[PDB]
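This report refers to the structure that appears directly beneath it.
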Amino acid sequence: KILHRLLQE
Amino acid sequence: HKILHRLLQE
Amino acid sequence: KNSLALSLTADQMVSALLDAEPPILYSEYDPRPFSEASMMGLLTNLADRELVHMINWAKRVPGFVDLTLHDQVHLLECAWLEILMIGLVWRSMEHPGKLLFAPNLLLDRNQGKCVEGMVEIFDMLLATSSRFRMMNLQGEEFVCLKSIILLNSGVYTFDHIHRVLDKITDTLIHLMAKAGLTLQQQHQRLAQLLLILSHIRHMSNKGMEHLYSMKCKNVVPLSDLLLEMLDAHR
Amino acid sequence: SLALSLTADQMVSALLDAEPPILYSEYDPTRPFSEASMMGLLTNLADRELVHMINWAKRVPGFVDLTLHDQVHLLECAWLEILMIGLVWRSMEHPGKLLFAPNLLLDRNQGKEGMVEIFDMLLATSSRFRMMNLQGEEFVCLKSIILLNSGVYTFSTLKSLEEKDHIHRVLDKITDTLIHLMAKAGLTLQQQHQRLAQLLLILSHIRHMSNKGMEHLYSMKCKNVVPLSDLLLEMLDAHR
Ligand SMILES: CC(C)(c1cc(Cl)c(O)c(Cl)c1)c1cc(Cl)c(O)c(Cl)c1
Ligand SMILES: CC(C)(c1cc(Cl)c(O)c(Cl)c1)c1cc(Cl)c(O)c(Cl)c1
C-alpha cells in the first residue's frame, strides 16, 4: 500500500 | 414541531 | 440576563451535577437477544426511555436553562449519542469486556455480531471503558465530562456557554486538587480526560452512521423521538 | 527515547522545525471551473499535501519509535483531521475564507455538492482560533496531539500495549509543553488550565469535521465525477 511505501522510503 | 421542542418545555 | 451557574462554587457545581444524574434504567425482561430484531428492539426501546431522562437531566445542568430553547435543542441534537455513550462506558467500567446497557442487559462483543455493523461500535465502546477504568475515573469527574459534552459538541456550529465550560474546567481541576494531585498531574490528567472526548465524538459519528443504515434496513421501527434525533444529523 | 527526554523549548523547536511547506494549487482565475474541476483542484492539492504530511509525521518526536503497522494506523486515522487543522490555521487571518493555497482562497459561496456544510464548519473553527488568538506554538502542539491521539484507542497480547503507553507519555510531554507556553505568556494558573481545556476541546470538533468530510469524500467517490488520487482512495478506504 502507498502509505506503507512512503513511510519506508 | 419537534418532540424535543415539546419535551424541553414540559 | 445573568446565570446562576457562574455564581456557584466548585462544590455547588459538583453537587448540582451529581444531583441531576438520571436513574439507571432496566431493559424489558423479554427477550437473551441473539437476533438482529430482538437486539435492536431492546436497545432502541431502552435508548428511547434514556433520551427522555437525558432531556430532563440537561435542564438541570447549571447554565443550560439560560440558553434559548433553540440553542438547547441544537446542543442536545448534536450531543445526544455522545451523552448516551459516555454513560454506557461509565456504567460498564467495573465490568471489563462487558457493556452494561442495563443491569439486566449486560452484553459482550459476541452479542454485537448478531447485528450487521454493530461489533465495530461495541469494540470502540469497550476500549473506552477500559481506558476509563485504568485512569480510575471518578464519578465526580464523569459528571463534569458529560456536562462538557452537552455544552461543547454543538457550540461552534452556532460566550455564556464558554464561561460555563470554563467553570466546569475549574470544577475538574478543583476535584483533582482535592484528591491530592500535584500541579503537573492536574494538567496532565485534565488533558488525558479531554482527549477521550475526541474518541467519544468519533464513536458517536460512527454510531450515527450505523443507526442510519439500520433505519434504511428497516428491521425494526424507531420511535418518532429517536428518528428526529437521528434526522438532526442530516 | 530522545522524545521523552526533550524539554518544553526543545519540543517546540522540534515541531516548528518539522512544519511542512505551504503548496500552490493549479487554480487559474481565467480558467472556468465546474463543481468537478474545483474539487479536482482540491483533491490534487490534498494528494500532494499528504506526501509532505507523511514525511512530517516522521519528524514528530516519538512517532518513529512505533511499528510501521502503528504508524500506518495513526496516519490512516488522523490524515483528514491533520489537513483540516492546518487549513483552519492558514485561514485564521482571512475571515470568512479558507486558504487552501496562497493562490486559492475560497469562501462559502464557492461551495458546490455538499461541501458547503463542511466549509461552514471549517470557517467556524477558524473563527474560534481567531477568538482565542491561537498561537503558532500552540498550533504545532495541537497538530502532533492529533496524530498521536486519534487512533490510539483503536489499535494483540499484553505486549503491543506498551506501544500505547509510550504514546501516552509523549502526549503528556506535549501537554507539559502547552502549559509551559501559556505560563511564559503570563497566564494565571487558572487561565492556563482554562485555555488548555479550550484548546483540547477544539480537537473534538476537528474529529467531527473529519468524520463528516470522510462521508462526503465517499459520496464524491461513488458519484465518480471527481478524480481521486490512488493515495487518497487508500486513506479513504481505511475508514471503510
Ligand atoms: C440503540 C443505540 C442508539 C443505543 C446506544 C447507547 Cl450508548 C445506548 O446506551 C442504548 Cl440503550 C442504545 C445504539 C447502540 C448501538 Cl451499540 C448501536 O450500534 C446503534 Cl446503531 C444504536
Ligand atoms: C480535498 C479535501 C480532502 C481537502 C481537505 C483539506 Cl483540509 C485540504 O486542505 C485540501 Cl487541499 C483538500 C477535501 C476538501 C473539502 Cl472542501 C471537503 O469537503 C472534503 Cl470532504 C475533502
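Letters go in sequence order (proteins before strands), and every chain restarts at 1. The basis for the numbers below is simple: all heavy atoms, side chains too, and nothing from hydrogens, waters or symmetry mates.
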Please check if the side chain of [X] supplies one atom and the backbone of [Y] the other of a donor-acceptor pair under 3.5 Å.
{"X": "D:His94", "Y": "D:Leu105", "result": "no"}
{"X": "C:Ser92", "Y": "C:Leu88", "result": "yes"}
{"X": "D:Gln71", "Y": "D:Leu68", "result": "no"}
{"X": "D:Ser229", "Y": "D:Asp47", "result": "no"}
{"X": "C:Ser130", "Y": "C:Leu126", "result": "no"}
{"X": "D:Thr154", "Y": "D:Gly151", "result": "yes"}
{"X": "D:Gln194", "Y": "D:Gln191", "result": "no"}
{"X": "C:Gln184", "Y": "D:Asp176", "result": "no"}

Shortest non-hydrogen separation from [X] to [Y] and the atoms involved:
{"X": "B:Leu4", "Y": "C:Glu228", "value": "N-OE1, 4.4 Å"}
{"X": "D:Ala101", "Y": "D:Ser25", "value": "CB-N, 3.7 Å"}
{"X": "D:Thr43", "Y": "D:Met220", "value": "CG2-CE, 4.5 Å"}
{"X": "C:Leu190", "Y": "D:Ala197", "value": "CD2-CB, 4.5 Å"}
{"X": "C:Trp80", "Y": "C:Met54", "value": "O-CE, 3.3 Å"}
{"X": "C:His160", "Y": "C:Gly63", "value": "NE2-O, 2.9 Å"}

Q: Assess whether side-chain contact (heavy atoms from CB on, under 4.5 Å) is satisfied between D:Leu201 and C:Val155, documenting all intermediate values.
A: CA-CA 11 Å; D:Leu201 283 180; C:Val155 75; over 6 Å; no
Q | Stepwise side-chain contact (heavy atoms from CB on, under 4.5 Å) test for C:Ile86 and C:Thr128 | A | CA-CA 9 Å; C:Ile86 198 180; C:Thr128 313; over 6 Å; no
Do [X] and [Y] meet the criterion of a side-chain donor-acceptor pair at a distance under 3.5 Å?
{"X": "D:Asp172", "Y": "C:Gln192", "value": "yes"}
{"X": "D:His180", "Y": "D:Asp9", "value": "yes"}
{"X": "C:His187", "Y": "D:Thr175", "value": "no"}

Would you mind reporting whether [Y] and [X] have side-chain heavy atoms less than 4.5 Å apart?
{"X": "D:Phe119", "Y": "D:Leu106", "answer": "yes"}
{"X": "D:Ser34", "Y": "D:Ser37", "answer": "yes"}
{"X": "A:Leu3", "Y": "D:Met235", "answer": "yes"}
{"X": "C:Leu194", "Y": "C:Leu145", "answer": "yes"}
{"X": "D:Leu134", "Y": "D:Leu199", "answer": "yes"}
{"X": "D:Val72", "Y": "A:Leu7", "answer": "yes"}
{"X": "D:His52", "Y": "D:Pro21", "answer": "yes"}
{"X": "D:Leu66", "Y": "D:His166", "answer": "yes"}

Working to the nearest 0.5 angstrom, can you tell me the gap between [X] [atom1] and [Y] [atom2]?
{"X": "C:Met208", "Y": "D:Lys212", "atom1": "CE", "atom2": "NZ", "result": "8.0 Å"}
{"X": "D:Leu147", "Y": "D:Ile167", "atom1": "CG", "atom2": "CD1", "result": "8.5 Å"}
{"X": "A:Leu6", "Y": "D:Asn55", "atom1": "CG", "atom2": "CG", "result": "7.5 Å"}
{"X": "D:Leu178", "Y": "D:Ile145", "atom1": "CG", "atom2": "CD1", "result": "5.0 Å"}
{"X": "D:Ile146", "Y": "D:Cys141", "atom1": "CD1", "atom2": "SG", "result": "12.0 Å"}
{"X": "C:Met85", "Y": "C:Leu99", "atom1": "CE", "atom2": "CG", "result": "10.0 Å"}

Q. Can you name the side chain to side chain contact (heavy atoms under 4.5 Å, CB included) partners of C:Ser198, sequence neighbours left out?
A.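 Scan of C:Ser198 (side chain to side chain contact (heavy atoms under 4.5 Å, CB included), adjacent residues dropped) gives D:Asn149, D:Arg207.
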Q: List for me each residue that meets side chain to side chain contact (heavy atoms under 4.5 Å, CB included) alongside D:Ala46, sequence neighbours excluded, and say none if there are none.
A: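 Expected list: D:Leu83, D:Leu232.
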**Q.** Mutual orientation of the aromatic rings belonging to C:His233 and D:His208 [parallel < 30°, tilted 30-60°, perpendicular > 60°]
**A.**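 Rings of C:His233 and D:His208: perpendicular, as their planes differ by over 60°.
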Q.
Suppose we screen for salt bridge (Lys or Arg N to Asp or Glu O under 4.0 Å). Which residues come up paired with C:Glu141, at least two apart in sequence or across chains?
A.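 Partners of C:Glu141 by the salt bridge (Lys or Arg N to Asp or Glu O under 4.0 Å) criterion, ordered by chain and then number, come out as C:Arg189.
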Q: Tell me, please, which residues at least two apart from C:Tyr156 pass ring-ring contact (aromatic ring centres under 6.0 Å, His included).
A: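 By the ring-ring contact (aromatic ring centres under 6.0 Å, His included) rule, C:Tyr156 matches C:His162, D:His205.
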(Q) For D:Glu49, give me all partners under side chain to side chain donor-acceptor pair (under 3.5 Å), at least two apart in sequence or on another chain. (A)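 None.
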Q.
Holding to side chain to side chain donor-acceptor pair (under 3.5 Å), I want the full list of residues that pass it with C:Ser153, two or more places apart in sequence or in another chain.
A.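 C:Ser153 satisfies side chain to side chain donor-acceptor pair (under 3.5 Å) with C:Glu82 only.
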Q: May I ask you to check if C:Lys146 and C:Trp90 form a cation-pi contact, with NZ or CZ under 6.0 angstrom from the six-membered ring centre and within 45° of the axis?
A: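 Checked: cation-pi criterion not met.
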Q) Would D:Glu76 and D:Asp237 count as a side-chain contact (heavy atoms from CB on, under 4.5 Å) if you check the C-alpha gap in whole Å, the side-chain angles of each, and the deciding distance to 0.1 Å? A) CA-CA 9 Å; D:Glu76 277 175 349; D:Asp237 203 47; over 6 Å; no
Q. Under the side-chain contact (heavy atoms from CB on, under 4.5 Å) criterion, do C:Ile161 and C:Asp71 qualify, and how do the steps go?
A. CA-CA 10 Å; C:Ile161 295 176; C:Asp71 284 348; 5.8 Å; no
Q) Below 6.0 angstrom between ring centroids: does that apply to D:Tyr153 and C:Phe132? A)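 Ring-ring flag for D:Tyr153/C:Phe132: false, centres at least 6.0 Å apart.
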